Amino acid sequence: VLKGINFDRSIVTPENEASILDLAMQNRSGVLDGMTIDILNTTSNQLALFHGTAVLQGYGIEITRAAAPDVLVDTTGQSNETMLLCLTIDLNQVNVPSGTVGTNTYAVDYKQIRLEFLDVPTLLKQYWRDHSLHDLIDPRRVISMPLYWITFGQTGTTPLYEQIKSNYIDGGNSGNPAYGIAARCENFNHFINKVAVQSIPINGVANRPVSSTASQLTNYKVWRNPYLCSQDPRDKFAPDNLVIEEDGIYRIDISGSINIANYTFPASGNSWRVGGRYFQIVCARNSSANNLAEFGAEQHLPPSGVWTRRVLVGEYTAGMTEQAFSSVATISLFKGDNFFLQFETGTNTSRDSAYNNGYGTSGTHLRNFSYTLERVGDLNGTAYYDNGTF
Amino acid sequence: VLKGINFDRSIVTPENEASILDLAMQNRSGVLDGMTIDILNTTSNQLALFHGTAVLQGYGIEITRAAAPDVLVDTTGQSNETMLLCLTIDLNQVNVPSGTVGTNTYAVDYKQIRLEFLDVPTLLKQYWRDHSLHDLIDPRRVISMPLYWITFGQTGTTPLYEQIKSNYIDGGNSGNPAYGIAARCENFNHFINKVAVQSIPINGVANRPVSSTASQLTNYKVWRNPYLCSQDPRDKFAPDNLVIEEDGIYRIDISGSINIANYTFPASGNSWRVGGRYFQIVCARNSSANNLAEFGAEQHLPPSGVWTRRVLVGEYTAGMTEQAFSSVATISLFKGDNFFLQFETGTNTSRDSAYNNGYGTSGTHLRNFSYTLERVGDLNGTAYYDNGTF
Amino acid sequence: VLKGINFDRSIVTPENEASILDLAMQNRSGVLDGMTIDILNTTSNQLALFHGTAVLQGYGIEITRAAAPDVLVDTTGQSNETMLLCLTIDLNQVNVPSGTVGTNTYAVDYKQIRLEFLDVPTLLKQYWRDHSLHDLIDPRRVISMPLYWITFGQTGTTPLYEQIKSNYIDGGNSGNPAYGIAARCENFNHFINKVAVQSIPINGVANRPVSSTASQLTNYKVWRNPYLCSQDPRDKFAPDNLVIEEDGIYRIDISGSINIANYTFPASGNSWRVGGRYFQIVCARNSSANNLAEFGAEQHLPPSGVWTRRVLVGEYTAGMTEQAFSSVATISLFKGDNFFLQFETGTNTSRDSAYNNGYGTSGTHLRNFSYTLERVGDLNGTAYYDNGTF
Ligand SMILES: O=P(O)(O)O[C@H]1O[C@H](CO)[C@@H](O)[C@H](O)[C@H]1O
Ligand SMILES: O=P(O)(O)O[C@H]1O[C@H](CO)[C@@H](O)[C@H](O)[C@H]1O
Ligand SMILES: O=P(O)(O)O[C@H]1O[C@H](CO)[C@@H](O)[C@H](O)[C@H]1O
């Protein structure tokens, strides 16, 4: 039969209002405020956390403030291990009410809510990003959200901690928590190496032309949304590659200019004409390496025939010192993918190359380069096949 | 007087929580999961559908699973007709409760919910996209959502079916169901015909340059959100025109390059200078033809003075073989409109034309062309006049 | 302890469901429909308003319709003043219920809701945009939303009124009320003045080239979202500057072309080569002037090291009559900031200038120029420091 959920004779249940709040949360779970570590009230037997509010699959969880310590987690038995401090909902447990709504004595012991320590494989098997209490095919009764990486030393010491920022809805994403900006940067200048194919460094360090003979590695302002992407964990790829943490249709915006761009000089032999040189800027995705995602989680496999390289700007140098470019594209990206930008041109400086033989400010370089990477759509259901290949 | 809805002494009603869920749904109705046809349990007297969940103007509807068939719809009396299988809310009916919340016997017969067959004019008169239970000026008591086109044959046969995907929130749009991407494509190459004005084919087939003498019609990956737009239903316009299904402020992104671009050769007569040739890429809207929208529904009339053509890229060829371009614009579009892209240049190849006299890969063509069309704003209330004209 | 809000044994409270509706509203408050002035039922002792619905920090407020006047506000004692007509929630008051749910006589006198007149300093001290009932650090018990600027004359006269459109969710923003388009325009042509640095007029009037000798100030279609931005209130800056009303990460899109662009003519002395001329289009922010925001409200101070100028397009003229450009950037903007676009080039027309010595259609000008400014992210919490500087 046809069942009404919100109708005149319907009884609105807890599962119902959680499903509504989850929808309003864009199916994202996370700490809405507070719930950060309290080192002052942290010992070698107890871990303390400040008061706050979180939403886990539509269920509102609160750590209440009083008098501090707002809450205490038992660390006895935990030594010489790296654990995950998790907030867990266990629907197998029973919430115990006491007193009465008539007197002013109603209270509940929420045994369905736990603050605990889990190892990485245990958390992954009950992580909200991968499993759901509300799931259609595999509904679960126990779900968790990791708050902190906790590294316990020898018995009698206080532990080391690292916030799992992907699980905190801190700021930048309020209103559209599952979408918005993934990565963005300020304008930067980067020297073009004398090679056919090279990546453009999008992670905060550029090889900035500083003099007529040299370029030097210089920081530039960059921002990343930890829920959507992260800097590659391997030092070889760290300057260039992003690891995508969330499946979706993303929008990539690029702009800048190619300064000291090479071209064949107009001479009597070529009928006093500029010999333009081909170059292209491409965006790329690579999924050959598994476990790049947070917690070394399993990558999401892309559909058959998925793109790997896409031309954002393809043209010839026009005989000017500096020539501007701009591009905007929507692309499919998968959890675990590597995402990066490449600069492609010929290697013969006297024939097909967009780059010259100069170094530093005398050499061909990218000037005023910037980008924005944003999540603009999901790949749930049919979209995975229809929209996921490009 | 001033009435509080959510206040301490207020009674939260069914209409109230439906209005809240509708707001959380971005005022969009549709199947959230399941509710697809079950051909195995479909006969010549009954139509079967799988279990699922839908939200119709804030009212949650569920088809419950048990033992299949999850639900059965009586098809007796339906023959040699094309009908719409609809999910209807009728607030004139009375939901009948039985048993008690005290025992574990409470049940409701939701007579306010129906699975029925309607003809196209009947559905349109009570379609959720055009009429509302919550409406300010014309509030309705009966509202429907079409799920399937059902074509019944002769008495004793099983019918033919077609899913109304615009009414299924399948994927790509979760989180922002009323907005997001309307249409997008992968990079493609398209030969420029030797005419003054031509449309660029945005519906999946391009006239791809394949040799030095020929171009051939080749498919390219394209995606459309059925709720926002569709391929033109008339074969003459099918390669080029989109039909907009939903009013709004849309964002159009284009990029690519013009390859083998024509120009006046630098000669002694012109002081050894490149004679650039003007061309422009425009986006366009046309509402002359009514009933192009889904179900042949009535178009939404645009305000007085509305734009029809807008220049996205206007410039001269620069003497290079290939020159890249990019553009991003926000435009107003109305339900029933035709939306398309045009390439405009002169017809005299020796004087004003951006195109040459070559064919295939030797002829002027668009290379690496792609676009994204996205809904970024609505045209409700005052916005219709203020923002709707451009 | 860990408290559950939405769990099986939990009691869902009024504050709870208001917090849920506020989240669903993207933390924006405003009139959802109606609540506009009723001049017909307005006297010299009373102000009338039409029926409608508003949401103030998750609390639903309704003015009920019956027989008009839908509601009356006492204006006795108000003379020779400019007041703000405000809708206030005061949680210190007590809502008085009467009758019973058993009979059909339940009614509430919502003393927690008021329609009143406040002076600008009083409203600012209890304005929903700046203070919250739900606030973590400074929770308030009284909060208001301004609906109209009301200017009372001499005793015995009807007042003058001005709608506070920023507090009305009229249209264009339904679905994403706190985000979406801030400002947009149709394509326009603007003459480039013979100076090093000039602003491009983004507020609806351009100096349009009309003849071979003259340009004239001509209107062009422009739209602004009052909640996000406004035209500068000072006449000196009115054609060029926007005042940002809301903190955030914004996206700026620009496109157009530079027509009649200057360049050094190819002559025997320069080896028959085009001497390109540098120019740049920049977007800018300035916060030196306080109180530019609505109600002369205090500006939001940007973090240390914040950007002020950013290059969107930087390149040389290429020897063509017309050369197109496009740019897309994400930038940080603060409540009270001035936002504007500048055109920068050299002043020596025979050496470094992108502009020539012509006027009107014979002079260098921007052609088909348009832009979109959109709010794409917030600057709450950590984002203020991490993302706010660029
Ligand atoms: O090209 P290879 O060695 O297969 O692949 C390597 O470079 C790619 C491109 O940066 C990375 O995405 C891969 O994770 C890495 O294994
Ligand atoms: O130019 P015509 O014949 O008025 O109009 C025709 O072409 C337009 C442009 O493709 C379409 O939008 C119209 O639906 C069609 O009737
Ligand atoms: O340059 P000045 O005089 O400091 O600053 C003036 O021009 C700026 C740029 O238009 C405005 O933002 C300022 O509000 C105004 O005071």
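Residues numbered from 1 in each chain as written, not as in the entry; some residues may be left out. Chains lettered and ligands numbered in written order. Heavy atoms only, no water. Residues with missing side-chain atoms left out of burial classes, pairs and counts.

Listed as the method for this PDB entry is X-ray crystallography; the listed resolution is 2.61 Å.

The PDB entry annotates chain A as Receptor Binding Protein originating from Lactococcus phage 1358. What the PDB record gives as the title of this entry is "Structure of the RBP of lactococcal phage 1358 in complex with glucose-1-phosphate".

Undergrad: Would you explain the UniProt feature "binding site: N-acetyl-D-glucosamine" (unreviewed entry) in chain A in this entry?
TA: All names here are of chain A. The residues that UniProt annotates with the feature "binding site: N-acetyl-D-glucosamine" (unreviewed entry) are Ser199, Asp240 and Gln342. For the residues just named, distributed over 144 residues, the greatest C-alpha separation is only 9.3 Å, placing them together at one site. Tracing the backbone shows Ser199 in strand β15 (residues 197-200). The contacts of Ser199, once residues within four sequence positions are left out, are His190, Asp240, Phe340, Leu341 and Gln342. Of note is the side chain of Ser199, whose polar atom sits 3.2 Å from the side chain of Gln342. With respect to the helices and strands, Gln342 occurs in strand β25 (residues 338-345). (UniProt positions renumbered as here; feature names shortened; annotations may be inferred. Helix = DSSP H or I, 4+ residues; strand = E, 2+ residues; numbered from the N terminus. Contact = heavy atoms within 4.5 Å. Polar contact = N/O pair within 3.5 Å; in protein donor to acceptor, adjacent residues only side chain to side chain.)

Undergrad: Just to check I follow, could you spell out the packing of aromatic side chains for this structure?
TA: Geometrically, a pair of aromatic rings is defined through the distance of the ring centres and the angle of the planes. Residues and elements named next belong to chain B. Counted under the stated rule, the structure contains 54 aromatic pairs over all chains. Note on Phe117 and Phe152: the rings are 5.1 Å apart at their centroids and 75 degrees apart in plane angle, and the pair reads as edge-to-face. Highlighted residues: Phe117 in strand β10 (residues 113-118) and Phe152 in the loop between β11 (142-151) and β12 (160-163), separated in sequence by 35 residues. For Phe117, a relative accessible area of 11% corresponds to the buried category. (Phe/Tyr/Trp six-rings, centres within 6.5 Å; stacked < 30°, edge-to-face > 60°. Buried < 20%, exposed > 50% of the residue type's maximum accessible area, 1.4 Å probe, protein only.)

Undergrad: Is there a simple way to explain the site of ligand 3 in this structure?
TA: All names here are of chain C. Every residue near ligand 3 is listed here: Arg234, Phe237, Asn241, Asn286, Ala289, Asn338 and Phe340. A distance of 2.8 Å separates an oxygen atom of ligand 3 from a polar atom in the side chain of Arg234. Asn338 has a polar side-chain atom sitting 2.8 Å from an oxygen atom of ligand 3. When the residues that make up the shell around ligand 3 are grouped by side-chain class, the tally is three nonpolar, three polar and one charged. (Near = heavy atom within 4 Å. Nonpolar A, V, L, I, M, F, W, Y, C, P; charged D, E, K, R; others polar.)

Undergrad: I'm lost on the side chain of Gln57(A) in this one. Help?
TA: Residues and elements named next belong to chain A. Summarising the element assignment, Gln57 is placed in the loop between β4 (52-56) and β5 (59-63). The exposure class assigned to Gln57 is buried, which follows from its relative accessible area of 4%. Polar side-chain contacts of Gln57 include one of 3.4 Å to the side chain of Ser132. Apart from residues lying up to four places away in sequence, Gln57 is in contact with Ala18, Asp22, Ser29, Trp128, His131, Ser132, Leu133, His134 and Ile143.

Undergrad: Just checking my understanding: could you explain the relation of the copies chain A and chain B for this structure?
TA: For the pair of chain copies, the relating transformation is a rotation about an axis with a translation along it. Least-squares fitting of chain A to chain B yields an RMSD of 0.0 Å, with the transformation described by 0.0 Å of translation along the axis and a rotation of 120 degrees. In short, the pair behaves as if placed about a three-fold rotation axis. Different-surface contact between copies: only 10% of interface residues of chain A are shared with the interface of chain B. (Least-squares fit on C-alpha atoms.)

Undergrad: What's the story with the interface of chain B and chain C in this structure? I'm lost.
TA: Often, the extent of an interface is quoted as the loss of accessible area upon association of its parts. Listed as interface residues are 49 residues of chain B and, on the opposing side, 60 residues of chain C. Counting only elements with at least two residues in the side of chain B that touches chain C, the list comes to β1 (2-4), α1 (14-24), β21 (248-259), β23 (309-316), β24 (322-333), β26 (365-377) and α3 (383-386) of chain B. Residue composition of the side of chain B that touches chain C, grouped by class: 21 nonpolar, 18 polar and ten charged. Pairing between β1(B) and strand β5 (residues 59-63) of chain C: three bridges, direction antiparallel. Paired with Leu2(B) across the two strands is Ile63(C), which belongs to β5(C). (Pairing = 2+ DSSP bridges.)

Undergrad: When you look at the site of ligand 1 in this model, what are you seeing that I'm missing?
TA: All names here are of chain A. Contacts to ligand 1 come from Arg234, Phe237, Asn241, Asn286, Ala289, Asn338 and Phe340. Note that an oxygen atom of ligand 1 is positioned 3.4 Å from one of the side-chain N or O atoms of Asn286. In this structure, an oxygen atom belonging to ligand 1 sits 2.8 Å away from a side-chain N or O atom of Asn338. For the shell around ligand 1, a count of residues per class yields three nonpolar, three polar and one charged.

Undergrad: Sorry, what's going on with the interface of chain A and chain B here?
TA: Facing 49 residues of chain A, the contacting portion of chain B comprises 60 residues. Among the secondary structure elements, those contributing two or more residues to the side of chain A that touches chain B are β1 (2-4), α1 (14-24), β21 (248-259), β23 (309-316), β24 (322-333), β26 (365-377) and α3 (383-386) of chain A. Within the side of chain A that touches chain B, the residues separate by chemical class into 21 nonpolar, 18 polar and ten charged.

Undergrad: Just checking my understanding: could you explain the relation of the copies chain B and chain C for this structure?
TA: You can overlay chain B on chain C at an RMSD of 0.0 Å; the transform is a turn of 120 degrees with a shift of 0.0 Å along its axis. A share of only 10% of the interface residues of chain B reappears at the interface of chain C, consistent with the copies meeting through non-equivalent patches.

Undergrad: Even after reading the chapter, I still don't get the sheet that holds strand β11 (residues 142-151) of chain A, so can you show me in this structure?
TA: In a beta sheet, neighbouring strands pair by backbone hydrogen bonds and run either parallel or antiparallel. Residue and element names in this part refer to chain A. Here we have four strands laid out as an open sheet, ordered β10-β7-β11-β12, and antiparallel in their pairing. In this open sheet, the two edge strands, each paired with only one partner strand, are β10 (113-118) and β12 (160-163). Shown here is a sheet whose adjacent strand axes are inclined to one another by a mean of 35 degrees, direction ignored. Where strand β7 (residues 82-90) meets β10, six bridges bridge the pair, whose relative direction is antiparallel. (Axes fitted to C-alpha atoms, helices over the stretch in contact; angles between N-to-C directions.)

Undergrad: Is there a simple way to explain the environment of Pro303(A) in this structure?
TA: Residues and elements named next belong to chain A. Looking at where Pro303 falls in the secondary structure, it is placed in the loop between β22 (278-286) and β23. Measuring from C-alpha to C-alpha, the distance between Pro303 and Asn95 comes to 43 Å, with 208 residues separating the pair along the chain. The contacts of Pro303, once residues within four sequence positions are left out, are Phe334, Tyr384, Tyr385, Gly388 and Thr389.

Undergrad: Would you take a moment to explain α1(B) for this structure?
TA: Residues three or four positions apart in an α-helix share a direction because the helix packs 3.6 residues into each turn. Three or more residues of α1(B) are buried, namely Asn16(B), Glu17(B), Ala18(B), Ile20(B), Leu21(B), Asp22(B) and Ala24(B). Looking at the residues trailing α1(B), positive phi occurs at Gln26(B), about 60 degrees.

Undergrad: Can you walk me through the domain arrangement of chain A in this structure?
TA: Residues and elements named next belong to chain A. When cut into domains, chain A gives domain 1 (1-171) and domain 2 (172-390). On the side of domain 2, 17 residues touch domain 1, which itself brings 18 residues to the contact. Broken down residue by residue, the surface that domain 1 buries against domain 2 is led by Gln26, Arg28 and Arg129, which jointly contribute 42%. Joining domain 1 to domain 2, the criterion identifies two salt bridges. Note that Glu246 and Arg129 form a salt bridge whose closest N and O atoms lie 3.1 Å from each other. On the surface where domain 1 and domain 2 come into contact, there are eight residue pairs in polar contact. Mapped onto the side of domain 1 that touches domain 2, the elements with two or more residues apiece are α2 (120-125) and β11. It is α2 that provides the largest number of residues to the side of domain 1 that touches domain 2, a total of three residues. Residues belonging to the side of domain 1 that touches domain 2 are distributed by class as follows: eleven nonpolar, three polar and four charged. (Domains from an automatic or database assignment. Buried area = accessible area lost by both parts, 1.4 Å probe. Salt bridge = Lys/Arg side-chain N within 4 Å of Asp/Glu carboxyl O.)

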